[PDB]
Amino acid sequence: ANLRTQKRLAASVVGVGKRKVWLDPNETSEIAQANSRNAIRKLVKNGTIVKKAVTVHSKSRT
Amino acid sequence: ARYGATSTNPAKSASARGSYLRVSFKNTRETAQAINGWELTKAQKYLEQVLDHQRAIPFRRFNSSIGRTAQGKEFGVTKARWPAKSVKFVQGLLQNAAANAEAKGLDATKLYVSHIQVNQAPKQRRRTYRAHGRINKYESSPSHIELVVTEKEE
Amino acid sequence: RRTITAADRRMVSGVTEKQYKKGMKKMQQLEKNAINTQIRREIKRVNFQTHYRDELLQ
Amino acid sequence: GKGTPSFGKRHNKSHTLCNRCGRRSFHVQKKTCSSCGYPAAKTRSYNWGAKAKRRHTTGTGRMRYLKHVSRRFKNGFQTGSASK
Amino acid sequence: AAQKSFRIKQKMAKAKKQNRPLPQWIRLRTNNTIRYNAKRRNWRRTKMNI
RNA sequence: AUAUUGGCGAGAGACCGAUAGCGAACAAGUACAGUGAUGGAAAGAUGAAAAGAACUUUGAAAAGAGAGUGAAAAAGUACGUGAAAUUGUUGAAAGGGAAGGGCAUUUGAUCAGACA
RNA sequence: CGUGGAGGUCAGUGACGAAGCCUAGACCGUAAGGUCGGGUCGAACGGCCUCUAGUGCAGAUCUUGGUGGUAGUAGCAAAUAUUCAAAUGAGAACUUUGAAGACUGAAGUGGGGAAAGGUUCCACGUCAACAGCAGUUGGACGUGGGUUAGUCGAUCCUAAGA
RNA sequence: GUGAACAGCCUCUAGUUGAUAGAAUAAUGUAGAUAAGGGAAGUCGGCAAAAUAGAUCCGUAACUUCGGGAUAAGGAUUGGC
RNA sequence: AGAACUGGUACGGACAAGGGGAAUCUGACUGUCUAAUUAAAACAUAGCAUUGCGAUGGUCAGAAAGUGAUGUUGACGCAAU
RNA sequence: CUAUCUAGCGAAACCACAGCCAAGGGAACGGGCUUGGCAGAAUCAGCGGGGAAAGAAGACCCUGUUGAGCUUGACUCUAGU
Ligand SMILES: [Zn+2]
């Protein structure tokens, strides 16, 4: 359907911004039913959604 | 359910019509004169080829300053173009005319388009903005299309 | 936990959601016809900027 | 410029709603409505605004009381109950 | 603004109540010519002056 | 006795009939512009009655084609009659750098008198 | 000669179709214009003797309204830039998810405000119009939801002033 | 981070991928460049463009209201390990 | 701050960054204006000079008032140049 | 990046009617009139000769028993004093 509700919610429930939420490309028949907020914490613990790690800006040459 | 000038018998002819269709008018006239007098098999092969970028539609009347292409050579003229919106709006009416032809016993082995015409619909207006703060008009030119199919005989 | 929707009151008093679509389509067509005929007139008498400049002297 | 780049600065209001007439005409930097002078007593009536007298003259609005005096004269301004 | 008075919020309640289509059973009345709702407005086009 | 282009109640017209008559026959001093004083439109007509098209089929649907209502869809809400500029179709005809016009006639179309 | 009305007359015409409208169909008048036949059409309308006038259009950079040619033409070119697979879908250069590629580069294309706007905020449903291409998407469309203060503000002071 | 710098340039947290597109690479264009020899001969006129530039050291004249002129003019250097 | 080292004699290696000089008119300089054709040699300016006026006054406003401005002032002041 | 071609969307200036020229007279520089030379459909990209093409130019000059800004010992007045 249209997951632009859930990718907005998954920054507010996690704490990282919007651009770091990795939703699931295979379970969109299930993520689209997590309308309210307190079902997203039933999915982050399930691993349907994963916070991507911080892109590295090393300082080693500096 | 009044039609235009029809020189055929209205007992062996199915009919089709599309009103207030938001396509161009100067393109639908040219496409609806490309097919006037063709079988409903070669006509649909033609209107499948025009989208497939062979056998272009010739622009006879509404044709000033358009570019030249080679594929109008089979119709004689040298100004040809492929209006892919008006082809899609005419082919639906040909498909509707076949489904009305099959509801009267008219077999599809000898059908041809007898009476086909476009008409300047009521304009649908919008506005555009030019320099120095002046509103000029900016309108669409929709078309009514009428189309009667009938079968060839002796 | 509702037994009341949007449609629950209006299905009883007159209209029906199939005929509501046959009413909603008629207003948006008549809104077009009343907004077409205003732009059929205002485009003529709108370039009359009464304090123009004509910005070309020397 | 004096046109479009000087139309962007228009944000602070200089008229606010009046409490007697109810249109956006109550000036604020000197506190006086322009469709009827509000801290003055009488409404701003004028004879050169002959169309403006029709926009606020009597007979326009509700007349919660003045559309009963015509009927109440015709029965002698009478009192007491109707009948049995 | 977001720091509005009450004179503005008294009026925006009526401005939010007067923004809806005409009720659909009005057109099914007998001597009713009211096709659309003419005084209807939205915030894109016609700013109400307050 | 006199005056009265305001309010209220009446009665009439060698006046106008929707580009007229008040700006307004209609949810008009409304919609709308302007900070504001003020400025201020357009917009009436299905039918006797909605009897506003059940049903079938093509289409994703807008709708189409049947069927049906109707005295009339050449009255289907875009609804009396439907003019012209302008445009499509088919038919007739003509055309070496304009088209149109005047006088005469050939040819092609159509009309004719009865002299039944 | 004609037009809008008014007084007589024709015991005028008319739903078995009155005005109007169309006709390289006909006739009369030098003409102004009158009369007939056909198609459409559906409720009124002429002749003669008179009376009256807001009475005859090609123009007025005429007024209002409508539509042309120009014309599918001018063009839709600032801001570095998009690509692949899948998903719903009638339909996807444009919606979403993933995967890459980028950019803003902390006086930001970020996070909050003040003026001003006023429900655009958010969800569900939907594409006739708008988004100068598209569209299932949207600040659009339809219906509902939402703003919680003893402390943060106004309220209370005084300035220039009124 | 380089840098004296909140310059310019690149990168992280945060955000966006919006501005009609496809093919072709003609003339004329708008923008951005380069050039042999000559160096204003162009033109009303060096208009426009190119040059010089940052830092350190040496080096600085007329005139002067002794404050300036002055970054005057004119020279050399610059990496990495 | 200094020395040996090494190179396609490169080296503020992109980014960033003064063209310079000798004379003449005119304005002293910093600033301001013709928003939307004129940024200047115009205006302003400090400096210099003049005039009125000792308060019941100078200059100016008000239709008038028991009314005002300079004046919460008083010639090293106010007003007009 | 335009332009060119294609998909989609798609206005305006302007317009009596329309466009081959040479001489001729002529409102004194014809697209039409008059003698001539000629003349083949629909046309696309460029172009700036013509259409005395298109614009709410800057003009110089005059008349009007037409105003306004402004100046004085114009005429006739007036606040103030
Ligand atoms: Zn008021």
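Below is a short write-up of the structure. (Residues numbered from 1 in each chain as written, not as in the entry; some residues may be left out. Chains lettered and ligands numbered in written order. Part of a larger assembly, values for the part shown. Heavy atoms only, no water. Residues with missing side-chain atoms left out of burial classes, pairs and counts.)

**Focus on the protein's contact with RNA strand J**
What counts here: Throughout, near means a residue has at least one heavy atom within 4 Å of the molecule or strand. Between N or O atoms, a polar contact is any pair within 3.5 Å; within protein, one atom must be a potential hydrogen donor and the other a potential acceptor, and residues adjacent in sequence are included only when both atoms are from side chains. Elements are defined by DSSP. Helices are runs of H or I of four residues or more, strands are runs of E of two residues or more, and each kind is numbered from the N terminus.
Close to RNA strand J lie 23 residues, the nearest being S65, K79, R130 and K137 of chain B together with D54 of chain C. Considering the 4 Å shell around the protein, atoms of RNA strand J inside it are sugar or phosphate in 87% of instances. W82 of chain B has a polar backbone atom sitting 2.9 Å from a phosphate oxygen of RNA strand J. Take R130 of chain B: an N or O atom from its side chain is 2.7 Å from a base nitrogen of RNA strand J. For the surface near RNA strand J, the elements supplying multiple residues, two or more each, are helix 3 (84-101), strand 5 (124-130) and strand 6 (134-140) of chain B. In terms of residues, the surface near RNA strand J owes the most to one element, strand 6 of chain B, which gives five residues.

**Examining a positive patch on the surface**
Residues and elements named next belong to chain A. Worth spelling out the cut-off: Patches in this entry comprise residues that are over 30% relatively accessible and not in a salt bridge; like charges within 9 Å are linked, as are nonpolar side chains (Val, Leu, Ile, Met, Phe, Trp, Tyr) within 5 Å. Every accessible area reported is derived by Shrake-Rupley at a probe size of 1.4 Å, with residue values counting cover from the shown protein chains alone. When a carboxyl oxygen of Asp or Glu lies within 4 Å of a side-chain nitrogen of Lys or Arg, that pair is called a salt bridge. Neither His nor the chain ends contribute to the count of charged residues, in which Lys and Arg are positive and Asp and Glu negative. Working definition for charges: the position is that of NZ of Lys, CZ of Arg, CG of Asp or CD of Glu. Any residue under 20% of the maximum accessible area for its type is buried, any over 50% is exposed, and the rest in between are partly exposed; the area is computed with a 1.4 Å probe on protein chains only.
Together, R4, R8, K18, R37 and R41 give the surface a local cluster of positive charge. For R41, the location among the structural elements is in helix 3 (residues 41-44). The class for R41 is partly exposed, based on a relative accessible area of 39%.

**A closer look at the interface of chain C and chain B**
Selection criterion: Throughout, a residue-residue contact means that at least one pair of heavy atoms, one from each residue, lies within 4.5 Å. Here's the idea: put two parts together, see how much 1.4 Å probe accessible area each one loses, and the total over both is what we call buried area. Residues were grouped as follows: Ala, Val, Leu, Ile, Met, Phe, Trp, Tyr, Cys and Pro as nonpolar; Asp, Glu, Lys and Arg as charged; and all remaining residues, including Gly, as polar.
Listed per partner, the contact involves 11 residues of chain C and 11 residues of chain B. Here chain C and chain B share an interface that buries about 950 Å² over both sides, 53% of which is from carbon and sulfur atoms. Considering only the surface of chain C that becomes buried against chain B, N36, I39 and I43 of chain C emerge as the three largest contributors, covering 41% of it. Connecting chain C to chain B are one salt bridge. Two residues, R127 of chain B and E42 of chain C, come together in a salt bridge whose shortest N-O distance is 3.9 Å. The interface formed by chain C and chain B contains four residue pairs in polar contact. For the side of chain C that touches chain B, a count of residues per class yields four nonpolar, three polar and four charged.

**Some points on the coordination of the zinc ion**
Residue and element names in this part refer to chain D. Note the cut-off: Distances decide who is a donor: an N, O or S atom must be within 2.8 Å of the metal, or within 3.2 Å for Na, K and Ca. Water is not included, so sites may look incomplete. Angular criteria define each label, namely tetrahedral for four donors with all angles between 85 and 135 degrees, square planar for four and octahedral for six donors with opposite donors over 155 degrees apart and remaining angles between 65 and 115, and irregular for whatever fails these tests.
At this site the zinc ion is bound by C18 (SG), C21 (SG), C33 (SG) and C36 (SG), with donor distances of 2.5 Å. Coordination at the zinc ion comes from four donor atoms whose angles at the metal span 94 to 119°, giving a geometry best classed as tetrahedral. Residue classification places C36 among the buried positions, given a relative accessible area of 5%.

**A closer look at the packing of aromatic side chains**
As a reminder, the rule being used: The rule is short: rings of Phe, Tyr and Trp, with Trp giving its six-membered ring, pair when the centres are within 6.5 Å, and they are stacked under 30 degrees, edge-to-face over 60, tilted in between. Only when the NZ atom of a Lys or the CZ atom of an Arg is both within 6 Å of the ring centre and within 35 degrees of the ring normal do we say a charge sits over the ring.
For the structure shown, the criterion picks out six aromatic pairs over all chains. Taken together, a centroid distance of 4.8 Å and an interplanar angle of 25° make the contact between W38 of chain B and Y46 of chain B stacked. Take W38 of chain B: its relative accessible area is 18%, and that puts it in the buried class. Relative accessible area serves as the criterion here: at 0%, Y46 of chain B is assigned to the buried category. Taking the centre distance of 6.0 Å and the plane angle of 65° together, the rings of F26 of chain D and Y38 of chain D count as edge-to-face. Within this pair, whereas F26 of chain D is found in strand 2 (residues 24-27), its partner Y38 of chain D is found in the loop between strand 3 (32-33) and helix 1 (52-56), the two being separated by 12 residues in sequence. Classification of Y38 of chain D by relative accessible area gives partly exposed; the value is 33%. Between the NZ or CZ atom of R17 of chain B and the centre of the ring of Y3 of chain B, over which it lies, the distance is 5.2 Å.

**Examining helix 3 of chain B**
Residue and element names in this part refer to chain B. What counts is decided by this rule: The span expected for a helix works out to 1.5 Å for each residue beyond the first. For this quantity, the arc is that covered by the directions from the helix axis to the C-beta atoms.
The end-to-end C-alpha distance of helix 3, which contains 18 residues, comes to 25 Å, matching closely the 26 Å that a straight helix rising 1.5 Å per residue would cover. Every buried residue of helix 3 is accounted for by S86, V87, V90, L93, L94, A97 and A101. Around the axis of helix 3, the buried residues are gathered within 130° of arc, so they sit on the same side. Of the residues in helix 3, the exposed ones pointing more than 90 degrees away from the buried face are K85, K88 and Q95. Buried positions along helix 3 lie against strand 1 (13-21), helix 1 (28-34), helix 2 (42-49), strand 4 (111-120) and strand 7 (143-151).

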